[PDB]
Structures are given as structure tokens and as C-alpha cells.
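What follows is a set of notes on a single structure, which appears directly below.
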Amino acid sequence: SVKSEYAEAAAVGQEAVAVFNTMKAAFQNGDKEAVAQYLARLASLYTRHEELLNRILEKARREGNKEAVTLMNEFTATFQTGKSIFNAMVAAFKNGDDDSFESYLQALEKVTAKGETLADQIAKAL
Ligand SMILES: Nc1ccc2c(c1)S(=O)(=O)C=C2
């Protein structure tokens, strides 16, 4: 069901949270080789999450589930904010700009905590 596809999507999202926090520890410790690998892993996890979210939104639309579509439109919008900040974080790592990396990192943590009530609302609406 779309609801079980959203649970699969949620888990992938939580995997990115898990890796992201491990990455943050590596960054603070100066283990740049680890950070590079974690950033690669996170790109794969975000790409997969984005795709699952789009399939869920498209299915909710085909089902006529207006409330779920409204919530998923808000949610996917926020996901594009994370994407843009994540992209700038990766660029800051490439450029050796630790100040920008720190900034973007705290931004992404706010994105995830800011949207978790909406994430839970979606589960109940699908
Ligand atoms: N693409 C992408 C990258 C990072 C983050 C997200 C999306 S999010 O908005 O799910 C939270 C962090």
C-alpha cells in the first residue's frame, strides 16, 4: 500500500539521519576520509528518498487523497531545501571551507527537526 511504501521511505530517511550524525562526528574529529565516504553514502540515500517520496505523492494524487497530497506537497518542498543546503555542504567540503560546512550542517539539522511533525502527519493521512 502507499502507507507501507511511506514506512519504507521513512526508514530510508532515518538511515540518512543515522549516517549524517556519524558524519558530523567524523567532521568534528577531522577524519576527512570518513567524511567523504559518508557524504557519498548520504547522496545515495537522499536520492533514493527523493524518488520514493515522489512516487508516494504521485500515488496519493492518483488516489484523490487531497489531504495527503497537500501534506506531501509541503513535505517535498522542504525536501528540496535540504537538498540545496546539502549540495552547498558537499561543495564546502570540496572547497575546504569548514566554516561554511559547519553552517550548512546546523541548517540541515534544523530542517529535519522542523519537518518531523509533518512527516508523522503524512503517515496518518495516507
Ligand atoms: N536531498 C536532501 C539532503 C539532505 C536533507 C534532505 C534532503 S531533508 O530535507 O530530508 C533533510 C536533510
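Residues in the C-alpha cells are named by chain (A, B, ... in the order shown) and by number from 1 within that chain; ligands are numbered from 1 in the order shown.
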*Neighbourhood of ligand 1 at 7 Å, counting only C-alpha atoms and all ligand atoms, reported as an MDAnalysis selection string*: chainID A and resid 13 46:47 50 78:83 86 108 111:112
Could the residues in this selection be saved with N, CA and C atoms as a short mmCIF file (atom, residue, chain, number, x, y, z; two decimals), in the first residue's frame?
data_model
loop_
_atom_site.label_atom_id
_atom_site.label_comp_id
_atom_site.auth_asym_id
_atom_site.auth_seq_id
_atom_site.Cartn_x
_atom_site.Cartn_y
_atom_site.Cartn_z
N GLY A 13 14.86 7.56 5.12
CA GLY A 13 15.16 8.87 5.70
C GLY A 13 15.91 8.77 7.02
N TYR A 46 19.74 10.16 0.02
CA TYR A 46 18.85 11.25 -0.31
C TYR A 46 18.25 11.04 -1.69
N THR A 47 19.05 10.61 -2.66
CA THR A 47 18.49 10.38 -3.99
C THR A 47 17.35 9.35 -3.93
N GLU A 50 14.26 10.82 -2.18
CA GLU A 50 13.55 11.76 -3.05
C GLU A 50 12.64 11.01 -4.01
N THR A 78 10.00 21.19 1.36
CA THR A 78 11.06 21.22 2.37
C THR A 78 12.22 20.31 1.99
N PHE A 79 11.93 19.14 1.40
CA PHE A 79 12.99 18.23 1.00
C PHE A 79 13.92 18.89 0.00
N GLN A 80 13.38 19.75 -0.87
CA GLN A 80 14.24 20.46 -1.82
C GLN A 80 15.12 21.51 -1.13
N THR A 81 14.68 22.05 0.01
CA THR A 81 15.52 22.95 0.81
C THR A 81 16.70 22.19 1.40
N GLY A 82 16.44 21.04 2.01
CA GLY A 82 17.52 20.17 2.45
C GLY A 82 18.48 19.84 1.32
N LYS A 83 17.94 19.47 0.17
CA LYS A 83 18.77 19.14 -0.97
C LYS A 83 19.72 20.30 -1.32
N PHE A 86 22.22 20.65 1.50
CA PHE A 86 23.15 19.53 1.39
C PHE A 86 24.13 19.74 0.24
N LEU A 108 20.89 21.90 8.17
CA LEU A 108 20.22 20.65 7.82
C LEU A 108 19.59 20.01 9.05
N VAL A 111 16.32 21.64 9.49
CA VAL A 111 15.35 21.16 8.51
C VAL A 111 14.71 19.87 8.99
N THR A 112 15.53 18.92 9.43
CA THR A 112 15.00 17.62 9.81
C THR A 112 14.11 17.72 11.04
#
*Determine, counting only C-alpha atoms, which protein, DNA and RNA residues have an atom within 12 Å of an atom of residue 60 (chain A); residues of the same chain fewer than 3 positions away are not included. Present the result as a ChimeraX atom specification.*
/A:1-3,5-6,53-57,63-73,122-123,125-126
*Tell me which of A:17, A:105, A:34, A:118 sits closest to residue 90 (chain A), counting only C-alpha atoms.*
A:105
*asked:* When you count only C-alpha atoms, which of these residues is closest to residue 21 (chain A): A:9, A:42, A:121, A:93?
replied: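 Of the candidates, the smallest distance to residue 21 (chain A) is held by A:42.
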*Pairwise distance for CA of residue 104 (chain A) and CA of residue 7 (chain A), rounded to one decimal in Å*: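 CA of residue 7 (chain A) lies 27.5 Å from CA of residue 104 (chain A).
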*Nearest candidate to residue 43 (chain A) (options A:109, A:58, A:8, A:15; using only C-alpha atoms)*: A:15
*Which is closest to residue 23 (chain A) among A:59, A:107, A:101, A:96, if we use only C-alpha atoms?*
A:101
*Of the listed residues A:52, A:19, A:25, A:12, that which approaches residue 40 (chain A) most closely, counting only C-alpha atoms*: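 With only C-alpha atoms as the atom set, the closest residue is A:19.
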*Best match for closeness to residue 14 (chain A) among A:45, A:62, A:102, A:88, counting only C-alpha atoms*: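 Among the listed residues, A:45 lies closest to residue 14 (chain A).
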_Point-to-point distance from CA of residue 39 (chain A) to CA of residue 20 (chain A), Å rounded to tenths_ =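 So the two atoms, CA of residue 39 (chain A) and CA of residue 20 (chain A), lie 8.0 Å apart.
Going from CA of residue 27 (chain A) to CA of residue 98 (chain A) covers 8.9 Å.
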